[PDB]
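To keep things clear, I will list the structure first and then write my remarks on it.
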Amino acid sequence: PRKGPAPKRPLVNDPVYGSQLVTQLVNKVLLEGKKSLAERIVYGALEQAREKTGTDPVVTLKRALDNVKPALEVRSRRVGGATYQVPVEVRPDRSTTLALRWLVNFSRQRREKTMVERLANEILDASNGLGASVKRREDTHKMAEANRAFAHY
Amino acid sequence: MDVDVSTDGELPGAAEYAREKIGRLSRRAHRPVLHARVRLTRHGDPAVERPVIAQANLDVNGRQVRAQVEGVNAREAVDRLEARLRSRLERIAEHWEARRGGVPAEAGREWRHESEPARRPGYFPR
Amino acid sequence: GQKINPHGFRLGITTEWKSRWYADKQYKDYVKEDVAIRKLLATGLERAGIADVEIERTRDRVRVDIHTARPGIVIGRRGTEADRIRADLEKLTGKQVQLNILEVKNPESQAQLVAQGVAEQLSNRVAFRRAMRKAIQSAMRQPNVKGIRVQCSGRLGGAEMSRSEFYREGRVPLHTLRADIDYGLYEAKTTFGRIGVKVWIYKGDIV
RNA sequence: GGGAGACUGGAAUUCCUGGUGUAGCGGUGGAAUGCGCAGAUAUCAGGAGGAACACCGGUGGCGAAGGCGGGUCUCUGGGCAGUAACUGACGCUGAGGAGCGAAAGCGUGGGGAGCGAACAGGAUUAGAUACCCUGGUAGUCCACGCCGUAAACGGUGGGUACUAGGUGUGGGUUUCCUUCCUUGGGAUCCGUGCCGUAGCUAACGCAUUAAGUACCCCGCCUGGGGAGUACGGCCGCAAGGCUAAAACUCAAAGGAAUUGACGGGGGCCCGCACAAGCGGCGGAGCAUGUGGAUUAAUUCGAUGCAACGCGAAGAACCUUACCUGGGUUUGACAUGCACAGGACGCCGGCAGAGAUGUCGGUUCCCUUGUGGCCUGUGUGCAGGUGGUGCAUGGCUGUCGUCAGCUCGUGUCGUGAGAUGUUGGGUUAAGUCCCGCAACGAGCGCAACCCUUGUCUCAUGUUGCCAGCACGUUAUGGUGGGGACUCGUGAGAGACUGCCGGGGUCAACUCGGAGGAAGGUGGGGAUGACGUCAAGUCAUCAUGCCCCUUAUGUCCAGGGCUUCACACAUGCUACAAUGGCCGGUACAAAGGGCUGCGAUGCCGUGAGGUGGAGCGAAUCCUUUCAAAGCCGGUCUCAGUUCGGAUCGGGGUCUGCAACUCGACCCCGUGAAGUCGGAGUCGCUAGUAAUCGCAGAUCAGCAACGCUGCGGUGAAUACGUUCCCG
RNA sequence: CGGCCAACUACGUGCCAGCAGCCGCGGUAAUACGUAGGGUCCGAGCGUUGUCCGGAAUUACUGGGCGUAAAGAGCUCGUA
């Protein structure tokens, strides 16, 4: 990254749902390279969500993402030999990445006896606006706002 | 401050003197010391004018501080090591009093590497 | 450790193995007898410059070819030296061993012989600058030599401090594979210790 | 703006009074003392007082120097130009001496807004008699006097004459372009800067304003400290100033410049350096290494990166270098000089822990001179993992696979040295291009080598089997077949080759096409001059020193495995992305002769018997895996997690598993609930995770190391900060 | 008898004993210590110490200097 930006990996669309976002989700929940297990987990979670709501799962997943997608984030900046928490606007890709990572992690420390159930409940409450990832986005936006004085550099 | 001394061969009393002299530097360090090791080594060849060599290593909150000296006996080597370590610790301080003179500060003065660049308008001053 | 041995760098490309045979069960004892032959021939013959020793094995009969700058020294006019070498090579259990004694065409172009001569001159009384310059000029006078470097290290001149000195003339491309670099090393026995002499010689490329 | 005196103006700060007006103001890198709520800060009006004079205003003017700018008036000093009317050498310097002399300080009397030594708190800090903040007294101001020092410096005494120029700028006279407005331009006198000759200088530099060339007069120097100090004296209210030693001590102290190294100096760049992520270490148990302690001994070496799963790619005996004890000495092992011999040598018996000792059986071939064997006697000699890696060679790590390191001739400099190698651009690169008192060259960079990715020709066994025949389930199993893989030989293929655009039409760079692959395709091998007296006398060799009835050598036993701790690298976990049970699918690479070892049978299982076939593209390692997939079960618990520790019972190797091996079975079921400060690896077939193989090796302490494949992510905005 | 400054090897010792006018020599292989061979310079002398001149242009008349090395009084006026 000293000599310039690095190329991105064009990961492919999911076969059985046809969306990019689910493949991003499986690659986030992936562990130790066990791709089949991650796909089983995510498909089970999506089907659980479809059963609970009664509609297509991808639209609810997008709704949850938009509910948890952040817009303003805080980074430590060193200007003139001093460090401050500076609120910064977030590019779309970084916002989606942050949303997905938050969803996966906060579902990982749920209490639903299974990864599929934990993930399904987390995505449902995110779609409804009650999830812990939604709360995390609330705190990050509050943190960005409370430091708006330092946005001028 | 707990110091482990790993000598070799013949150096009676070097360990206690070195431990007691080094352990007094804990207060001089501005950050907690995580580890402290001292090694004493004597040169076999009698032709060597300063046979004894002493080395130290302190983990000052993750920052590695080390020094190495030579002497004609255990006491002199340990004392020179203590002086050298004190100098290194002084140069390592990094608290506010240590970097208050280096802060670019100097509003529109003393151009430094991290000095705040001047804000420039799009149009020429004229 | 800076530079690998130039012969070992181009072993599969330019240079050739100095022992040609094949063994499957008897590789170990073949190697043992080979090194025994090498040490025996190094010990016995020192007057004439023994540039290289080759061994070829085939069942009972063994072929030992050695290159020297002075074949007459190593051969008995009635076969006396030949008889002696044949006899103590029989003693080496080599079964039937036959020897092809050969001669180097241009001794000054051979790195091992050059190192031998410089080491000998160093041992007795000669200042090392004189030896290196004489060797360099002699090898440069040869028609096919394109670059030579001579380096000797140790307690040069009987000093208490060790030193490394080297003189080069022309091109010595040690990193180029196709360039055939002749490498020769030999330790000089002085009263003050041991002085190591190395010689690099560049003679064009082979393709 | 030369000096002195008198009078006087406006802005701003401070305070006081009165409105409006509320809850903060002030201060810092960040805060706190502090001020305010009794009405602060802010805002408006009025008033008092002191000090300094924005813009003009500068490398510009004046003064002997110190120094001097708000305005006006009064008094007063000097300078310059022109005319040359006047005197007619009246000049220059000046020991002592006299006067003036920044700031601080001192005295007496005033004044005191701001600032502010001292002094108080606040903060920072390990400590702050400091830096920073809030207050703040002398002082700073005026009058009249003392003091008499300054980096009082241009670190350059005064006077005079001469010695190339170019260009600013201040004051004044004058000829010619001529509008005559115009710095028009010239000439000349007096200042004040810059650049530059000759010349001078150790060099830096000075250079008509000399540090040049000379003449007159004055001051001062004679190695560094002691010391501008003591004693005496003079001056001063005091502070102190001036004059000014010696003893003793050192072999230097100095000036300029050069090459490095360094900087909490600047600029431009790089790297998993940081940032963005993923997974860890540090907490637990265990394995391994080290320190420390302990012991008869715990053999030795290795100590930041670059020592610490390192030398050790294999410590029960051996190894083994250490300890205890038991033997031996030309020795455990060589080769030579001698005397005596036909025996050395084995084979059994006994003793001994063994080394070893002893007893019984066997006895040389040449050829007469003796040779091979040993005996003892010997004698040279062997023998040391004994010391010094600061005496060495060899080998190696490291900066760093970083782009740098030098040389010949020329030129510059008294010289160390410099240039080339710097400057602009460009690259991964001292890679290249354009410039250039340099022109070239060498070692490096790159390429040539290996492997991997595509295709062509050749090629069919032990390897494939598409099309044909025989097959019995058991399959290329078999006859056959080159068709497709594959194996291994030869070759082609990436060269910015082409197109378009940026580019000095130059390097280079951006994009596109074609292609398996595009811009050194991926990964290796390859490590410049040197550095660190880096490592290694314990692979080896080796100078010198040391031991030689021993530090040499043989043997048994023990130790290298000791354990209150400390550090380091790992493995296994703390579970449901999981545990357990059953079924089931896909690799590569490698190894094998006194080795791999199959079928079968016997054990529950390590394993036992047995031996088919194999020097192996054939047989064995099973036909080869595990994670994976499918089904059941477990339901969040110190548990069906975790496996430590321990009891009992076995297997194998080995002469021998006590100290001190591995593995199997039954039982036992510890810590451990995701780990503080801090810290590590990693940019793609990578990290993470899963298994397989090899070396060493009788067995193994292997969770180590070296390889092989399976599944396979996230993130990189960007160089401000940390490291190199 | 290391260089100034004619004249070098061996043994002994090892930061000791000692040497030395200065620079500096002694750390098991010293041309610098001690002793022996050898050598050189002088020679009825040869060395050491003390003292004066020279080298010293280092008090510079012959024959030195003062921007930064030590050295221009803080600046003027003016007496001899």
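Residue numbering restarts at 1 for every chain, and letters A, B, ... go by the order of the sequence lines. Computed over heavy atoms, backbone and side chain alike; hydrogens, waters and symmetry mates excluded.
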Practice problem: Report yes if a side-chain nitrogen or oxygen of A/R9 is closer than 4.0 Å to either non-bridging phosphate oxygen (OP1 or OP2) of D/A713; otherwise report no. | Solution: no
Quiz item: With a 4.0 Å cut-off on heavy atoms, is C/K25 in touch with a base, just the backbone sugar-phosphate, or nothing at all?
Solution: base
Quiz item: Considering residues, nucleotides and ligands other than C/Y167, do more than 12 of their heavy atoms fall under 6.0 Å from its OH?
Solution: yes
Practice problem: Take the protein atom CZ of A/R91 and the nucleotide atom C1' of D/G277, then report the distance between them rounded to whole Å. | Solution: 13 Å
Practice problem: Check every atom of D/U689, D/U577, D/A528 against the side chain of A/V29 and return the nucleotide holding the closest atom. | Solution: D/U577
Quiz item: Any idea how C/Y30 and C/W21 line up, ring-wise: parallel (<30°), tilted (30 to 60°), or perpendicular (>60°)?
Solution: perpendicular
Quiz prompt | D/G314 to D/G699 separation - P atoms, rounded to the nearest Å | solution = 14 Å
Quiz item: Looking at the strand neighbours D/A568 and D/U569, are the centres of their six-membered rings under 5.5 angstrom apart while the planes meet at under 30 degrees?
Solution: yes
Self-check item: Shortest side-chain distance from B/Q55, nucleotide among D/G304, D/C721, D/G271
Solution: D/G304
Self-check item: P spacing across the pair D/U451 / D/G489, given as an integer number of angstrom
Solution: 10 Å
Quiz item: Is a side-chain donor or acceptor of B/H30 paired with a backbone partner of B/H95 at a separation under 3.5 angstrom?
Solution: no
Practice problem: Answer yes or no: does a side-chain N or O of A/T97 lie under 4.0 Å from OP1 or OP2 of D/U715? | Solution: yes
Practice problem: May I ask you to verify if any side-chain N or O of A/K34 is less than 4.0 angstrom from the OP1 or OP2 atom of D/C629? | Solution: no
Exercise. Provide the distance between the two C1' atoms, one in D/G611 and one in D/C619, to the nearest whole Å.
Key: 14 Å
Practice problem: Pick base, sugar-phosphate or nothing for A/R78, based on heavy-atom distances below 4.0 Å to the nucleic acid. | Solution: base
Quiz item: Ion pair present between A/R110 and A/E117, side-chain N to carboxylate O less than 4.0 angstrom?
Solution: no
Exercise. Look at the side chain of B/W111 and the base of D/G266, then say whether one donor and one acceptor between them are separated by less than 3.5 Å.
Key: no
Quiz item: Can you tell me if the side-chain N/O atoms of A/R40 get under 4.0 Å from OP1 or OP2 in D/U577?
Solution: no
Quiz item: Quantified in whole Å, what is the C1' atom distance between nucleotide D/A687 and nucleotide D/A713?
Solution: 8 Å
Exercise. Considering just the side-chain nitrogens and oxygens of B/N57, establish if one lies under 4.0 Å of OP1 or OP2 belonging to D/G304.
Key: no
Exercise. Compare the minimum distances between each of D/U689, D/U124, D/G264 and the side chain of B/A98, then state the nucleotide with the smallest one.
Key: D/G264
Quiz item: Taking atom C1' in both D/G591 and D/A458, what distance in whole Å separates the two?
Solution: 33 Å
Quiz prompt | Salt-bridge present (A/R108, A/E122; N to O < 4.0 Å) | solution = no
Exercise. Show the numbers, then the answer: is there a salt bridge (charged side-chain N to carboxylate O under 4.0 Å, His left out) between C/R129 and C/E165?
Key: CA-CA 9 Å; C/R129 336 259 199 182; C/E165 303 266 10; 3.6 Å; yes
Quiz item: Is D/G354 the Watson-Crick or G-U wobble partner of D/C73, both distances being under 3.5 Å?
Solution: no
Quiz item: Charged N to carboxylate O under 4.0 angstrom, A/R94 versus A/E73?
Solution: yes
Quiz item: Under 4.0 Å between a side-chain N or O of C/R149 and OP1 or OP2 of D/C529?
Solution: yes
Exercise. Would you classify C/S153 as touching base, sugar-phosphate or nothing, given that sugar-phosphate means primed atoms plus P, OP1 and OP2, and contacts are heavy atoms under 4.0 Å?
Key: sugar-phosphate
Practice problem: Check every atom of D/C449, D/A688, D/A576 against the side chain of C/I13 and return the nucleotide holding the closest atom. | Solution: D/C449
Practice problem: Please check the phosphate of D/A716 (OP1 and OP2 only) for any side-chain N or O of A/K8 closer than 4.0 Å. | Solution: yes
Quiz item: For D/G667 and its strand neighbour D/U668, are the base ring centres under 5.5 angstrom apart and the ring planes under 30 degrees apart?
Solution: yes
Self-check item: N/O donor-acceptor pair, side chain A/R2 with base D/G271, under 3.5 angstrom
Solution: yes
Quiz item: In whole angstrom, what separates B/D2's CG from D/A564's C1'?
Solution: 14 Å
Quiz item: Looking at the strand neighbours D/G148 and D/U149, are the centres of their six-membered rings under 5.5 angstrom apart while the planes meet at under 30 degrees?
Solution: no
Quiz item: D/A644 and D/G669: how far apart are their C1' atoms, nearest whole angstrom?
Solution: 9 Å
Practice problem: Look at the side chain of B/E114 and decide which nucleotide, out of D/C270, D/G712, D/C721, has an atom nearest to it. | Solution: D/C721
Practice problem: Answer yes or no: does a side-chain N or O of A/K35 lie under 4.0 Å from OP1 or OP2 of D/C690? | Solution: no
Quiz item: D/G277 phosphate, OP1 or OP2: any side-chain N/O from A/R101 under 4.0 angstrom?
Solution: yes
Quiz item: Using a cut-off of less than 4.0 Å, is there contact between a side-chain N or O of B/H43 and OP1 or OP2 of D/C390?
Solution: no
Exercise. Please confirm whether A/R77 makes a cation-pi placement over A/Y153, using NZ or CZ under 6.0 Å from the six-membered ring centre and within 45° of the ring normal.
Key: no
Quiz prompt | Whichever of B/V48 and C/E165 has its nearest RNA chain D nucleotide further upstream toward 5' | solution = B/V48
Quiz prompt | Atom pair distance, as rounded to whole Å: NE2 in B/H35 and P in D/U290 | solution = 17 Å
Self-check item: Minimum-distance nucleotide (side-chain atoms of A/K3 versus D/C448, D/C270, D/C636)
Solution: D/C270
Quiz prompt | Short side-chain N/O contact to D/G393 OP1/OP2 from C/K198, under 4.0 Å | solution = no
Quiz prompt | Protein-nucleotide distance (A/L31, atom CG; D/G280, atom P), rounded to Å | solution = 9 Å
Quiz item: Roughly how many Å is it from CZ in B/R84 to P in D/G304, rounded to a whole number?
Solution: 15 Å
Quiz item: Given D/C390, D/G277, D/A541, which nucleotide is nearest the side-chain atoms of A/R94?
Solution: D/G277
Quiz item: Just to confirm, is there a sub-4.0 Å distance from OP1 or OP2 of D/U392 to any side-chain nitrogen or oxygen of C/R155?
Solution: no
Self-check item: Euclidean distance for P, D/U719 against D/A588 (whole angstrom)
Solution: 48 Å
Exercise. Please check if atom CG in B/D2 has more than 12 non-hydrogen atoms from other residues, nucleotides or ligands closer than 6.0 Å.
Key: no
Exercise. When you get a sec, tell me which of D/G444, D/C717, D/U125 is the closest nucleotide to the side chain of B/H95?
Key: D/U125
Self-check item: Syn/anti state for D/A313 [syn: chi within 90° of 0]
Solution: syn
Quiz item: Between D/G254 and D/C365, is there Watson-Crick or G-U wobble pairing, both distances under 3.5 Å?
Solution: no
Quiz item: Do you know which of B/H35, B/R39, B/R19 makes side chain to side chain donor-acceptor pair (under 3.5 Å) with B/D4?
Solution: B/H35
Exercise. Find the distance A/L25:CG to D/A713:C1' and express it as a whole number of Å.
Key: 14 Å
Quiz item: Would you say D/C308 has OP1 or OP2 under 4.0 Å from some side-chain N or O of B/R39?
Solution: no
Quiz item: CZ of A/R108 versus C1' of D/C674: gap in Å, rounded?
Solution: 14 Å
Quiz item: Distance between the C1' atoms of D/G70 and D/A104, in whole angstroms?
Solution: 29 Å
Quiz item: Nearest to the side chain of A/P1, which nucleotide is it out of D/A533, D/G530, D/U719?
Solution: D/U719
Practice problem: Give a single yes or no on stacking for D/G413 with D/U414, with the cut-offs at 5.5 Å between ring centres and 30° between planes. | Solution: no
Self-check item: Nearest-Å distance for atom pair CD/P, residues C/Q2 and D/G397
Solution: 8 Å
